[PDB]
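In structure tokens, one chain follows: the form deposited in one PDB entry.
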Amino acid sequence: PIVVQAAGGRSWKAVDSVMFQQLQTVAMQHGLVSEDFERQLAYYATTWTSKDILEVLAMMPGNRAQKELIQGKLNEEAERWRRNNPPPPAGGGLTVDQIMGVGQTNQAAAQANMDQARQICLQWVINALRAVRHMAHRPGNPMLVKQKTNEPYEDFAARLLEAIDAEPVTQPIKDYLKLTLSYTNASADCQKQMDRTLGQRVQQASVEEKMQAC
């Protein structure tokens, strides 16, 4: 974390044991790659220095094969950033090193010059966790989801909505799935009940309207 001193200069402070434990328990209960960990990480990582975002991620509980993958993606995110942007002549303001906090004192990766590098690092870590999560799902998962025999639509909606979230497809194509796949994937019995209540709203009806049926 970074503490902004009264004068205006900034100093480094270690992640507060409590916050470290909170992120740890969430990773242990769910997954380091899980969406939950990503959510809490982003909210509390604003203050975290680029080096901390990488040390307090490597202390979190997970498999060693998984950690290699999370570091595989953080590398491809870095190489992309190096490519997407031509270095400015003289090598520019920033480097993947500065961003990943390589060879920097913990009180210099928390100075004002590293605010931008600090944000880009967290951006990559969240993207890396999402990438490992996305691959963990074979494509077509919303298509694969089918309302289980005699299972509440709520349960089907929860599987289907997560499956649509699992896909990295843009929000608009995700929306289409919520409208189209829900009715189709819906088990025939709910689908017949939806057809009578929804009527023409076969795709028009929202998932909530579909939830009203069965």
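When you see a residue number, it is the position in the sequence shown, counting from 1.
One more form of this protein exists, namely the form deposited in another entry; it is left out here, but the text below deals with it.
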Point of rigid-part switching between the shown form and the other one, i.e. the hinge, among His137, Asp115, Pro86, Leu69: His137
Cα of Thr170 vs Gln116, shift of 3 Å or more in that other deposited form, relative to this form: the pair sits farther
Have a look at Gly92 and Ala108: in that other deposited form, are their Cα atoms closer together or farther apart than in this form, given the change is 3 Å or more? closer
